[PDB]
Amino acid sequence: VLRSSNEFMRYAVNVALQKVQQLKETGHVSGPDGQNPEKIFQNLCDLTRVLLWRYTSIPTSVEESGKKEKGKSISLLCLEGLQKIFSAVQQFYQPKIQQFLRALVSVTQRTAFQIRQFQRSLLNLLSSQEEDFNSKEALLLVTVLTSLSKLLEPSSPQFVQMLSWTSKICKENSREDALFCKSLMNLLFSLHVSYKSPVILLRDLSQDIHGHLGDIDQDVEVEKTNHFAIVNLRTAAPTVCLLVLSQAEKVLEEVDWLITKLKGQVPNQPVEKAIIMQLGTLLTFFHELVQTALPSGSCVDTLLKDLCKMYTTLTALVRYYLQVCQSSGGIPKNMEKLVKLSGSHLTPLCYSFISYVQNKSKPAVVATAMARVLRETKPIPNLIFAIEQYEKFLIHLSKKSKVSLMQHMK
Amino acid sequence: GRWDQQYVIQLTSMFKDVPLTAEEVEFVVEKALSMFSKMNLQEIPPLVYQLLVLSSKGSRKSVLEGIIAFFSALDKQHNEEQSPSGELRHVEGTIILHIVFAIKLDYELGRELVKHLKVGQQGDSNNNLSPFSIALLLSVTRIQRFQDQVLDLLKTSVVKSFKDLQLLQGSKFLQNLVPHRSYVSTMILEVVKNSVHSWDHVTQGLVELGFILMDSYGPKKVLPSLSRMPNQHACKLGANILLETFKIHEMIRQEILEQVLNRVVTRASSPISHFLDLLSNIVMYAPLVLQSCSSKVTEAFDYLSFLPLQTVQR
Amino acid sequence: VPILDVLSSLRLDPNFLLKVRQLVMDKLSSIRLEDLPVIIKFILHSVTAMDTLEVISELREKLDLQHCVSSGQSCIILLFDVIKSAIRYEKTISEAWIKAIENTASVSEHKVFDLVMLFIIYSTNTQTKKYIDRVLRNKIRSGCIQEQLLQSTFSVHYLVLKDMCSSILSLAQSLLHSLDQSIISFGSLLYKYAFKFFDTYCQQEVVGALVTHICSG
DNA sequence: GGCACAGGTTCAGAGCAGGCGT
DNA sequence: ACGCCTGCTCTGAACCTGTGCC
């Protein structure tokens, strides 16, 4: 009687979505036994069992619905309801996440067993169709994986194979949708960093970006799809740009904190070597981005801003070596190396890119226009400022450790 | 030359009356400090007193650096033995009190203490401060001049404790480098655990401190991660200190309760979830209490028409 | 009393309620003592953000504490408690109290209540600590608040102030660090009364802080 | 041509980075 | 070089446009 009417079903679905959304906003939902957390925990898990089973038992490829009713596909909605459940149990019932997976041995093994299902579902979604793929259901599978990924223990085998698989999906598949691509790379980094520094990764993305977008000089050979496959004309240009430089920032956040704690002190030698190795690797990252023909939005601003922040960390570093190097005779071949590349490869290409972007010149409320353009005129100078203040502490360094570091600089 | 272990204190009471330079007083007291190691504990306090009254015309940095570095080592060794308590608590205390009665007459003593216990850069705060340094500070909050200065340091440090560790626990690169030195909530709580042997001065500072953190970092952004979590975490702490404090010190748990009620009652001008959530777990652990504090809940009810509903309910 | 309850729980015009509020305060002289408390709460629930000085000013004049004399002291305590609970809960009231004492710096005949309130408000409310001490110096410099007041406060209102032990002495310590023997005289007399009337702990704190002066000051 | 989601934009203020008196 | 004041940077909220689809 009820199974015949499809509308009746997508009612009692929408109802369930409304209940779980209500539980997020206030610690409790609407009706009776909607305050007693025990009973809500009971039901959530009892709802979960069935919603999981529907999606399991019935895929989205068995539809006879068309676009209007695939916008509210009974499959799709049950994954959105999953997403909020997995979400909002971590908000409240983080203790009973074991009892929660006992409904579906420690927490991590159950995690993996439950992951594989969605993983394979997503993979079948993606691999099968190209033409009119489920953007939404693929994307919020990605979102459920993201939410739940954070319950794996970071040294567990299941975490390792997750990341391997994660990066492997990013390495293989085409997938023209950018918000989709955005979500994957986000998940990749969020997983990756709590195993190690994500720096070669940033390098790799920049080399592919450099490959795809082209180059400033209008004659440099670049193509490197080989690294990571989910990077496009459309995708990398506004998006993987902001994210790859976003992830560089979190590098230099850590590096600023490193140097603050180091200058407190005066163990040291390994930490300096580590910092310089970091900086050297991501100076290759900055190299590939600079050579790129970056568009003129937040993409260009966030490169130039992060070149400032690269140079500012290099300023804190050089001014650090001045305090201490007077006492011994310091600057090991580590720092000489770094300074060499920051002069030889980095600084002059900073100039050729900013000059190219400002060379690039191809209805306006007067007040708003004045406010906008004189805001946007700061960062070409803040880069020339930041470079010349590097050169300052390098001339200071040259004198106050007895090494002429201006023999490198042009 | 070697000092008669018996009357080393009496020898150090003689350089009290001679006029000396810095180098001279420094030499004599750093030897009197080498001598704490090779003694019974119960005679260290009066020796510390006769060091401080000498240090009044000599080195203060040195006197208090010595007492701190010594008890820091002591408490760490007591900890890893646990992994002589019922008297180790008498000494730490009697000392904090003996250094109190001096910073009372010697306002420069306090300033040198405080300078010594600056965060500044967070790398000095991961070699400086302690489970003993902090009982000492949270006694010091009783001096009228000094309350405020002290608290402000503790509070601001508290946050960094969350911010280092939070930014640290984002990253594996950082966890590789730093060998994780116990963090600042832990320390403050180990004070509270120590507290039992009833050095009841520290308590004024705790309670003062505790509502400072929640009143400071309360939910009001919520009617990010950066400006959210190390303020909630801070709030949690406030709450955490007081509840643990309330469990231990039967004397205080009248005026924890009133000081809560105060902030609960007339507001909902500002949000107060946190205070009710504490108020729960206070009364959940040992609600005999409100039988002793009955006048005060009586005169929370005389505002229970003006109070908004979600508050009144809970 | 009950009338007050009823007119609180009926459905009315505010100007009417104001009118009757004054019909109290004109006869606030004339309440039987037991009943003082219960009124005063109403008056301080009958406060808006804008009604405040007016009402406190009249009341601050109207209220005696001299007139009111074992049930007496109990009822007085009840009083200060009720006030205590009010002032607890309206930042507007505490600040405004003090603005309507310092506007009565002019008549050097202002009364006992204008201490006891400060000390209370110092103890109770902390945001004001600087402000009471500013006012107390500025007012005592002026040839207002003196001996005859401070003597009278601690001869009858010890049991009120017993509680505010630490409050009096935070003050006394603030006053002796000054110039102007007028001020320091007051800060001393503070210590003498503090030590006469309070607990043994207060006595210890007196001699504690006296020493602190003697060795530093 | 109207109907609808996404972007960026201006705001509005919290809360701390850093120039400037003794 | 420590204390005091200000103004800048972040952060999210809400506003309304701007452009894609049927």
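About the thresholds
Residues numbered from 1 in each chain as written, not as in the entry; some residues may be left out. Chains lettered and ligands numbered in written order. Part of a larger assembly, values for the part shown. Heavy atoms only, no water. Helix = DSSP H or I, 4+ residues; strand = E, 2+ residues; numbered from the N terminus. Rg over C-alpha atoms; globule rule 2.2 N^0.38 Å. Buried < 20%, exposed > 50% of the residue type's maximum accessible area, 1.4 Å probe, protein only. Areas by Shrake-Rupley, 256 points an atom, 1.4 Å probe, with all protein chains shown as cover. Patch = residues over 30% accessible without salt bridge, like charges linked within 9 Å, V, L, I, M, F, W, Y side chains within 5 Å. Salt bridge = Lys/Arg side-chain N within 4 Å of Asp/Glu carboxyl O. Contact = heavy atoms within 4.5 Å. Buried area = accessible area lost by both parts, 1.4 Å probe. Polar contact = N/O pair within 3.5 Å; in protein donor to acceptor, adjacent residues only side chain to side chain. Nonpolar A, V, L, I, M, F, W, Y, C, P; charged D, E, K, R; others polar. Expected span 1.5 Å × (residues − 1). Axes fitted to C-alpha atoms, helices over the stretch in contact; angles between N-to-C directions. Parallel < 35°, antiparallel > 145°, perpendicular 65-115°, else oblique. Left-handed = near helix turned anticlockwise from the far one by under 90°. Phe/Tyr/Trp six-rings, centres within 6.5 Å; stacked < 30°, edge-to-face > 60°.

Its PDB header names cryo-EM as the technique used to obtain the model and reports a resolution of 4.20 Å.

Chemist: Go over the overall build of chain C with me, naming the residues and quoting the values.
Modeler: When helices and strands are counted, chain C shows 13 helices and zero strands. Going from N to C terminus, chain C has its helices and strands arranged as α-α-α-α-α-α-α-α-α-α-α-α-α. Taken against the 2.2 N^0.38 rule, which gives 17 Å for 217 residues, the C-alpha radius of gyration of chain C at 19 Å falls within 12% of a compact globule. Dimensions of chain C, computed from the C-alpha atoms along their principal axes, are close to 65 × 35 × 30 Å. For chain C, the residues scored as buried account for 47% of the 217 residues in total. Of the roughly 11,100 Å² of accessible surface on chain C, a fraction of 56% belongs to carbon and sulfur atoms.

Chemist: Now, about a nonpolar patch on the surface: what can you tell me, with residues and values included?
Modeler: Residues and elements named next belong to chain A. On the surface, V1, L2, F8, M9 and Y11 cluster together into a nonpolar patch covering about 550 Å² of accessible area. As for its placement among the helices and strands, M9 is situated in helix 1 (residues 6-25). For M9, a relative accessible area of 31% gives the class partly exposed.

Chemist: How would you summarise the interface of chain B and chain A if you had to cite specific residues and measurements?
Modeler: Taken together, the contact between chain B and chain A spans 14 residues of the former and 18 residues of the latter. Taken over both partners, the interface formed by chain B and chain A buries close to 1,400 Å², and the fraction arising from carbon and sulfur atoms is 63%. For the pair chain B and chain A, the interface holds one salt bridge. Of the charged contacts in the structure, one is a salt bridge between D164 of chain B and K261 of chain A, with a shortest N-O distance of 3.4 Å. Connecting chain B to chain A are nine residue pairs in polar contact. Counting residues per element, the ones that place at least two in the side of chain B that touches chain A are helix 7 (122-128), helix 9 (147-170) and helix 10 (173-177) of chain B. If one sorts the elements of the side of chain B that touches chain A by residue count, helix 9 of chain B sits on top with four residues. Residues that form the side of chain B that touches chain A fall into these classes: five nonpolar, seven polar and two charged.

Chemist: Lay out the interface of chain B and chain C with the relevant residues and their values.
Modeler: The interface of chain B with chain C comprises 14 residues on the first partner and 14 residues on the second. Interface area lost by chain B to chain C is led by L105, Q144 and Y303 of chain B, which between them contribute 37%. Counting across the chain B and chain C interface gives one salt bridge. Two residues, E258 of chain B and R88 of chain C, come together in a salt bridge whose shortest N-O distance is 2.6 Å.

Chemist: Describe helix 15 (residues 273-285) of chain B, naming the residues involved and giving the relevant values.
Modeler: Between the first and last C-alpha of helix 15 of chain B there are 18 Å, a value that for 13 residues agrees with the 18 Å anticipated at 1.5 Å per step. Along helix 15 of chain B, the positions that sit buried rather than exposed are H274, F275, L276, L278, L279, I282 and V283 of chain B.

Chemist: Outline the packing of helix 13 (residues 298-328) of chain A against helix 14 (residues 333-359) of chain A, listing residues and values.
Modeler: Residue and element names in this part refer to chain A. At a minimum axis distance of 12 Å, the contact between helix 13 and helix 14 shows a crossing angle of 150°. Relative to helix 14, the element helix 13 lies roughly antiparallel. Like other packed secondary-structure pairs, helix 13 and helix 14 cross with a definite hand, here left-handed. Seen from helix 13, the contacting residues are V300, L303, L304, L307, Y311, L314, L317, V318 and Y321; seen from helix 14, they are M335, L338, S342, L346, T347, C350, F353, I354 and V357. Its residues assigned to classes, the contact of helix 13 with helix 14 shows 16 nonpolar, two polar and no charged.

Chemist: Account for the arrangement of the chains, with residues named and values stated.
Modeler: Among the two pairs of chains that make contact, the interface with the largest number of contacts is formed by chains A and B. In this structure chain A stays clear of chain C, and the shortest span between their C-alpha atoms is 28 Å.

Chemist: For the packing of aromatic side chains, give the residues involved together with the corresponding values.
Modeler: Under the definition given, this model contains 20 aromatic pairs over all chains. Ring geometry for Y303 of chain B and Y89 of chain C: centres 5.2 Å apart, planes at 70°, overall edge-to-face. Pair noted here: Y303 of chain B is in the loop between helix 16 (294-301) and helix 17 (309-313) and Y89 of chain C is in the loop between helix 5 (71-88) and helix 6 (91-102), and the two residues belong to different chains. Pair check on accessibility: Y303 of chain B and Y89 of chain C agree, each one buried.

Chemist: Residue-level account of the side chain of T315 of chain A, with values.
Modeler: Residue and element names in this part refer to chain A. Relative to the elements of secondary structure, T315 occurs in helix 13. The buried category is assigned to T315, whose relative accessible area is 11%. Other than its neighbours up to four places away in sequence, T315 contacts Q389, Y390 and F393.

Chemist: Before we move on, can you summarise helix 3 (residues 44-55) of chain B with the specific residues and values?
Modeler: Structurally, the α-helix is built with 3.6 residues per turn, so residues lying three or four positions apart point the same way. All names here are of chain B. A rise of 1.5 Å per residue sets the reference length of helix 3, with its twelve residues, at 16 Å; its end C-alpha atoms lie 16 Å apart and thus fit the reference within 8%. Where helix 3 is concerned, the buried positions are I44, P45, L47, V48, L51, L52, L54 and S55. Turning to helix 3, the residues buried within the fold contact helix 1 (8-12), helix 2 (22-34), helix 4 (60-82), helix 5 (88-103) and helix 6 (107-116).

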